[PDB]
């Protein structure tokens, strides 16, 4: 017994990944997803706008049959990095015969003066040194907007064994988060250097890093 789809399709819009918007070598994209498209009225057209001016995307929509007997259609719009970072509004309008009227969704970066992250590394608590692994902490305070990218390296090589908290709204309207890298105690004790790297739009060259090793 398939869905009745009495309301017709629904549309959702998604922002680009922060790392894509912050790296010139990458191509950030805004994405418009349409769900609950019926087999009977399967055709979907997208119109894209930037600040209410129509733009073209050179990528045809991706159409996918779903388990619940519906169709899902995805339109992707590659954008200029500064269009996003300068706060322009991106709009997608969706056309479908099952719709009483075209559906519009809009998205843009959070408004307000960007504020630079202050990045700090902290070593393992003394209590932890007796275990097989220790925790290295990267504290990242005072940034805005919340869009940010955090990674860890060792010897110019990416580290994988880390977890980062969601960004948290602080009392002054800025955001903070922490990232925790788990490393073998032997690596810490022998003097390996670990680096927290951060990308955010308010940083010079959108990049900063802070290192830490046993003293």
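Residue numbers count along the first chain shown, from 1.
* Asked: Got a sec? Mean C-alpha B-factor, which is higher, 86-94 or 99-107?
  -> Comparing 99-107 with 86-94, the higher mean C-alpha B-factor belongs to 99-107.
* Which of 164-172 and 50-58 has higher mean CA B factor, as the PDB entry lists it -> Per the deposited B-factors, the answer is 50-58.
* **Maximum C-alpha temperature factor, selected from 75, 131, 141, 137** => By C-alpha B-factor in the record, 131 ranks first.
* If you compare 182, 149, 179, 39, which has the highest Cα B-factor in the entry? -> Answer for 182, 149, 179, 39: 39, with the highest C-alpha B-factor.
* To do: Comparing against every modelled residue in the chain, figure out the third that the C-alpha B-factor of residue 18 lands in (lowest, middle or highest).
  => Its C-alpha B-factor, which the entry lists for residue 18, ranks in the middle third among residues of this chain.
* Ranked C-alpha temperature factor of residue 32 among modelled chain residues, by third -> Its C-alpha B-factor belongs to the lowest third of this chain's values.
* To do: Place residue 215 in the lowest, middle or highest third of its chain's C-alpha B-factors, as listed in the PDB entry.
  => Answer is highest: the recorded C-alpha B-factor places it there.
* Asked: Considering only modelled residues of the same chain, in which third does the CA B-factor of residue 118 rank: lowest, middle or highest?
  -> For residue 118, whose C-alpha B-factor we compare with every modelled residue in the chain, the answer is the lowest third.
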